[PDB]
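This report refers to the structure that appears directly beneath it.
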Amino acid sequence: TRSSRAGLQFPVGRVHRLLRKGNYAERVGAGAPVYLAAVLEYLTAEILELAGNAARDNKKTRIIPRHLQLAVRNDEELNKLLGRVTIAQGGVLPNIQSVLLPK
Amino acid sequence: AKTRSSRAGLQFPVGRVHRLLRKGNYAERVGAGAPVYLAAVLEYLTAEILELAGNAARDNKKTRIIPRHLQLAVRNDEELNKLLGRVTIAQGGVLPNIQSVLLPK
Amino acid sequence: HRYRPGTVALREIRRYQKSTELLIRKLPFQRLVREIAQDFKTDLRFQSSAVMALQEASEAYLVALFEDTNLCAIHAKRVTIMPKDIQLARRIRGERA
Amino acid sequence: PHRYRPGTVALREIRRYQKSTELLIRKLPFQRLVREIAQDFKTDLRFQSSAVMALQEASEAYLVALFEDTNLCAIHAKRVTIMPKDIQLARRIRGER
Amino acid sequence: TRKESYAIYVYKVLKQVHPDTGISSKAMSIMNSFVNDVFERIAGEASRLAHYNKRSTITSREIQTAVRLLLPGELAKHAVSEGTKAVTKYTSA
Amino acid sequence: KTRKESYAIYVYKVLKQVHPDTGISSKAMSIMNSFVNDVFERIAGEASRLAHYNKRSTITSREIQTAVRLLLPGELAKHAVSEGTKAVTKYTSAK
Amino acid sequence: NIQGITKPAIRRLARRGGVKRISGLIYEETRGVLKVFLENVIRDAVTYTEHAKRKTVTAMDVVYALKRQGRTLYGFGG
Amino acid sequence: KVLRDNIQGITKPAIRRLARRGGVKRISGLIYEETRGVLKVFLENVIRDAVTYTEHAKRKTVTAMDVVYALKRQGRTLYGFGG
DNA sequence: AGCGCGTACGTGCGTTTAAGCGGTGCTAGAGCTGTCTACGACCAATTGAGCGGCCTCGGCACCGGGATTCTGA
DNA sequence: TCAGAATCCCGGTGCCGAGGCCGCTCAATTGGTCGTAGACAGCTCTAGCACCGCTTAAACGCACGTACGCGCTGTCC
């Protein structure tokens, strides 16, 4: 393969086929799919870290879409990468404007 | 006629639009009507702005279209005002717009 | 007894922010979908997943909208959202003219 | 003597600056601000004089829009005077950070 | 050295449109920028369209639907009619 | 039936690397699959911008490196650039 | 089918949106708002259907249409 | 020569002229400072991307084009400078 | 800040239809195979397009004057 | 309300560097060639969906029940 030789789980050949057959350029230089697969794997781990932490804090073994949305909105840079983005079955952060009380 | 433009009824270069659709990495293969249709669309959209801009040049007592007239040429159409909403024209500025509560009573 | 007006709304906000369930009844939504689509093309089928996707985007858009809305109300010092807030909201987003 | 009233000349200034399109920040100070920002991102940059006027055209168009939207926030808050809070709401709503 | 520009075609169109009207180098400039943006918008959505249909080839079909996705409704009608006339005229000519 | 692809298995593998004793739902699986394809498209579209903007008919690891600094926020970008470079470091050394 | 978007469904959406108090004109406003929104997505979605030579408007047809207009929903083959 | 405080070279009348083009009748004194803030955040965004295109181009001259690319990334497309 | 008008709220009871289970219509969603048009690649040709040119015209600049109208008595 | 000056508007003349249209050169665009595989076509099998219907069981709707908000009217700073 190429994944064990790069130190990756993610499929380098799948990523490279999409770089050529996605029409992004004439030619694609063979470090590109390994550097890209590593970034996709890193970002995958960065979501799953905070989503696994959320699943544990929500007392669950299985990651549901709630845990993905909460992980993405708990972190500024995930929310900045994912600002226009929205998640199926995700909900919102708990937030009430502090003027709203029984009084 | 030799030029693809003439065969099409266009001023816009069907050859260069062809070259660019190839150089620009959009698909493997390019059709032959794709340029002609796109060149007519570019020629239309440019003629739309140039019409409204020549009218705005006349509204400025001007013989030369300057960017003030191009901004009017976008903003005087409800629809070009949408297409070029999130676009800035150098020296286009803003139309005169003063809010009704600010004016003296 | 009687809960003071506004007390249970706070309770309900907590309930709905905590939950990720869909808030529009899916058959009334789906019938309005097919109407709006009908307007575009006749004799159209829709995947169940296709409807959901419209559903999820529509519900999430309105919540964020209401988010932003409620802000425009409190900017006027109001608690009550009014059509002017939405209007200003959209306006600023540049959706509406 | 003569003295125009508070808020008479203000609209004469709006009318003046909306009839014209030339930029409203000075060129040498704006270029020095671009040098100053750019130096902290990468030392020993060079700038095409056209590039800086781009940045200025882009920035003054940005802020006029902004102001635009800020004035609406003050008006919606029943105010003739813009304040940091209007700006703040505007940006929030625009999705700015 | 050869810097390519739509300056001449924009002149011809402007002269059909307002024969007694010139264009400033800034005005021009702007218009030439708009040509490349409209080209990139339509070719990008036609490339999406291609892609989305497991299709190897951008045809005026693509370009047509892309113009319908991109342009607002009255602007779309006129862009479409110039497109459909031009292809029909080209291949028969 | 279609042999429809997904990143399912590799996302699972990576979940084990961060949280060994944790699992994932189908609903969540999709959204992770979705996230990968969207980020792939946003980075490859920027690498295609770098290719066009620099004449070269080619996307290299450098076009990816810059596309990653363009797309991602600063600390996310720093980490992604480190992992991208580290993966290439083992890889180009191997045959 | 506009009143099928129920008054309590709008109350639920507004309460999730952090709203204690809803003015009576909001319910019809939210319906106009939502109609416009669905309009926009269904228009571009159909367009992809039209282009696909299909009678089933697909999920992908909707996902492309959302993803054109900002509003990037993940989960439906993203 | 070192560079310092050139943000205050964005002047009170320059900020006022812009708010007047923006249709503003009355300016609270606290706006002027806020404005600078926003503008700094603004220019930082665009210049970081433009410099990132200049860096990738193996150049040190930030070009009209690099500016123009950055804006278009930021959804602020600009005509008059190329592209 | 005060002063006045009346709207959203929360709560008991009365009224509707969505959830979701269920199904056959009849498909048309998606798959796959052999044909030929069409496009990429090509060759070789002279045009089409661009930058160098050159001159003033349409613009911008300076100055006097009338026109508008705000604000002072 | 008349009275004045202030800034706006305008008319001119006046001076000139930017653009309108021409030119002449070279690589881009075109005239007619190939080879090849895309796509059309068009037939196949068959999820998946259509939208109708039903029994159920919550949710919708309505009137109710009263409180706290909207927002104008005033005044000071």
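Residue numbers (the working numbering), protein chains in the order written: chain S, 5 to 107; chain V, 6 to 110; chain Z, 257 to 353; chain G, 8 to 104; chain H, 11 to 103; chain B, 666 to 760; chain U, 1047 to 1124; chain R, 954 to 1036.
For each residue, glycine too, the CB sits at the ideal point set by N, CA and C.
Closest residue to residue 1100(U) among 297(Z), 269(Z), 328(Z) and 335(Z) (Cα-Cα distance): Residue 1100(U) sits at position 54 when you count from the first residue of the seventh sequence. Closest option to residue 1100(U), Cα to Cα, is 297(Z).
Quick check on the burial criterion: 16 or more other C-beta atoms within 10 angstroms. Buried or exposed for residue 980(R)? Start at 1 with the first residue of the eighth sequence, and residue 980(R) comes out as number 27. Under this definition residue 980(R) is a buried residue.
Answer yes or no: does any C-beta atom of chain H fall closer than 8 Å to that of residue 3(V)? No answer is possible for residue 3(V): the residues shown for chain V start at 6 and end at 110.
Limits of the beta strand (DSSP E) - the one that residue 42(V) falls within: In the second sequence, counting from the first residue as 1, residue 42(V) sits at position 37. From DSSP, residue 42(V) is part of no beta strand (DSSP E) but of the alpha helix (DSSP H) over 38-64.
Contact set for residue 671(B): own chain, Cβ-Cβ below 6 Å, skip 5 residues either direction: Numbered from 1 along the sixth sequence, position 6 holds the residue referred to as residue 671(B). 698, listed in sequence order.
Run through chain V and tell me which residues come within less than 7 Å of residue 92(G), C-beta to C-beta. Along the fourth sequence, read from residue 1 onward, the residue named residue 92(G) stands at position 85. Those within 7 Å of residue 92(G) in chain V number zero; the least Cβ separation is about 18 Å.
Closer than 8 Å at the beta carbon, the chain Z residues around residue 97(G): Position 90 of the fourth sequence, counted from the start, is the residue given in the question as residue 97(G). Those within 8 Å of residue 97(G) in chain Z are 348.
Are residue 1035(R) and residue 1021(R) close, meaning C-beta to C-beta below 8 Å? Position 82 of the eighth sequence, counted from the start, is the residue given in the question as residue 1035(R). Position 68 of the eighth sequence, counted from the start, is the residue given in the question as residue 1021(R). Contact: yes.
Determine the direct distance from the alpha carbon of residue 34(G) to that of residue 1026(R), and round the result to whole angstroms. Looking up residue 1026(R) in the eighth sequence gives position 73. Looking up residue 34(G) in the fourth sequence gives position 27. The straight-line gap from Cα to Cα measures roughly 25 Å.
Contact set between residue 61(V) and chain S, taken where Cβ atoms lie within less than 9 Å: Here residue 61(V) corresponds to residue number 56 of the second sequence, with the count starting at 1. Ordered by position in chain S, no residue passes the 9 Å Cβ test against residue 61(V), which lies about 35 Å from the chain.
Report yes or no: do three or more beta-carbon pairs, one from the region 267-274 of chain Z and one from the region 679-686 of chain B, lie closer than 8 Å? no
Quick one: which residues of the region 325-336 of chain Z get their C-beta closer than 7 Å to a C-beta of chain G? List them in chain order. 327, 328, 331 and 332
At the level of alpha carbons, what is the spacing between residue 299(Z) and residue 676(B)? Stepping through the third sequence from its first residue, residue 299(Z) is reached at position 43. Stepping through the sixth sequence from its first residue, residue 676(B) is reached at position 11. Roughly 40 Å separates the two Cα atoms.
Neighbour flag for residue 29(S) against chain V, beta carbons, 8 Å: Here residue 29(S) corresponds to residue number 25 of the first sequence, with the count starting at 1. Closer than 8 Å to some Cβ of chain V, the Cβ of residue 29(S) qualifies, so yes.
Counting along the chain, where does the beta strand (DSSP E) carrying residue 1120(U) start and finish? Here the question's residue 1120(U) lines up with position 74 in the seventh sequence. Segment 1118-1120, the beta strand (DSSP E) holding residue 1120(U).
Say whether chain H places a C-beta atom closer than 8 Å to the C-beta of residue 29(V). If you number the second sequence from 1, residue 29(V) lands on position 24. Among the residues facing chain H, residue 29(V) is included, as its CB has a counterpart in that chain under 8 Å away.
Measure from the C-beta of residue 64(G) to each C-beta in chain R and report whether the shortest distance is under 8 Å. Taking the first residue of the fourth sequence as position 1, residue 64(G) is located at position 57. Yes - at least one Cβ of chain R is within 8 Å of the one on residue 64(G).
Verify whether the separation of the beta carbon atoms of residue 84(S) and residue 98(G) is less than 8 Å. Indexing the first sequence from 1 puts residue 84(S) at position 80. Indexing the fourth sequence from 1 puts residue 98(G) at position 91. In this structure, residue 98(G) does not lie closer than 8 Å to residue 84(S) by Cβ.
Out of 75(G), 9(G) and 67(G), point me to the one whose CA is closest to residue 963(R)'s CA. Mapped onto the eighth sequence, residue 963(R) falls at position 10. Scanning 75(G), 9(G) and 67(G) for the CA closest to the CA of residue 963(R) turns up 67(G).
Whole-angstrom distance between residue 1062(U) and residue 134(S), CA atom to CA atom: The structure shown has nothing for residue 134(S), since chain S only spans 5 to 107.
Determine contact between the region 57-72 of chain V and the region 77-90 of chain H, defined as no fewer than three beta-carbon pairs at a distance below 8 Å. no
Among 313(Z), 263(Z), 295(Z) and 273(Z), nearest to residue 1080(U) - alpha-carbon criterion: Walking along the seventh sequence from the start, residue 1080(U) turns up at place 34. Ranking the options by Cα distance to residue 1080(U), first place goes to 313(Z).
I want to see whether chain U comes within less than 8 Å of residue 686(B), judged by CB atoms only; does it? By 1-based counting over the sixth sequence, the position of residue 686(B) is 21. Chain U contact via Cβ: absent.
Span separating the alpha-carbon of residue 92(G) from that of residue 322(Z): As a working mapping, residue 92(G) is identified with position 85 in the fourth sequence. As a working mapping, residue 322(Z) is identified with position 66 in the third sequence. Each residue's alpha carbon lies about 19 Å from the other.
Can a CB atom of chain R be found closer than 8 Å to the CB of residue 36(G)? Taking the first residue of the fourth sequence as position 1, residue 36(G) is located at position 29. Yes, contact with chain R.
Per the contact definition of three or more C-beta pairs closer than 8 Å, is the region 71-87 of chain G in contact with the region 328-342 of chain Z? yes
Distance between residue 70(G) and residue 70(V) (C-alpha atoms, nearest Å): Taking the first residue of the second sequence as 1, we reach residue 70(V) at position 65. Taking the first residue of the fourth sequence as 1, we reach residue 70(G) at position 63. Cα to Cα, the separation comes out at about 26 Å.
Check for me: the beta strand (DSSP E) holding residue 92(V) runs from which residue to which? Working through the second sequence from its first residue, we reach residue 92(V) at position 87. Counting along the chain, the beta strand (DSSP E) containing residue 92(V) begins and ends at 92-94.
Flag residue 25(G) as yes if its beta-carbon sits less than 8 Å from any beta-carbon of chain V, otherwise no. Along the fourth sequence, one-based indexing puts residue 25(G) at 18. At least one chain V Cβ lies under 8 Å of residue 25(G).
If contacts are defined as beta-carbon pairs under 8 Å, then residue 72(V) and residue 95(V) qualify, I think. What distance do you get, rounded to the angstrom? As a first step, residue 72(V) is located in the second sequence; it is residue number 67 there, counting from the start. As a first step, residue 95(V) is located in the second sequence; it is residue number 90 there, counting from the start. That pair is a contact at about 6 Å.
Is the distance from the Cβ of residue 1088(U) to the Cβ of residue 320(Z) below 8 Å? Within the seventh sequence, residue 1088(U) is the residue found at index 42, counting from 1. Within the third sequence, residue 320(Z) is the residue found at index 64, counting from 1. No, the pair does not count as a contact, with Cβ atoms beyond the cut-off.
Who are the neighbours of residue 1093(U) on chain H, taking C-beta pairs under 7 Å? As a first step, residue 1093(U) is located in the seventh sequence; it is residue number 47 there, counting from the start. Those are 75, 78 and 79, listed as they occur along chain H.
Once the 5 residues before and after residue 58(V) are set aside, which same chain residues still bring their CB inside 6 Å of it? Along the second sequence, read from residue 1 onward, the residue named residue 58(V) stands at position 53. 70, 74, 75 and 78, listed in sequence order.
On the three-state DSSP scale, how would you describe residue 982(R)? Here the question's residue 982(R) lines up with position 29 in the eighth sequence. Looking at residue 982(R) - three-state DSSP - the assignment turns out to be coil, as it is neither helix nor strand.
Could you check whether the Cβ of residue 90(V) sits closer than 8 Å to any Cβ belonging to chain H? Start at 1 with the first residue of the second sequence, and residue 90(V) comes out as number 85. No - not a single Cβ of chain H is within 8 Å of the one on residue 90(V).
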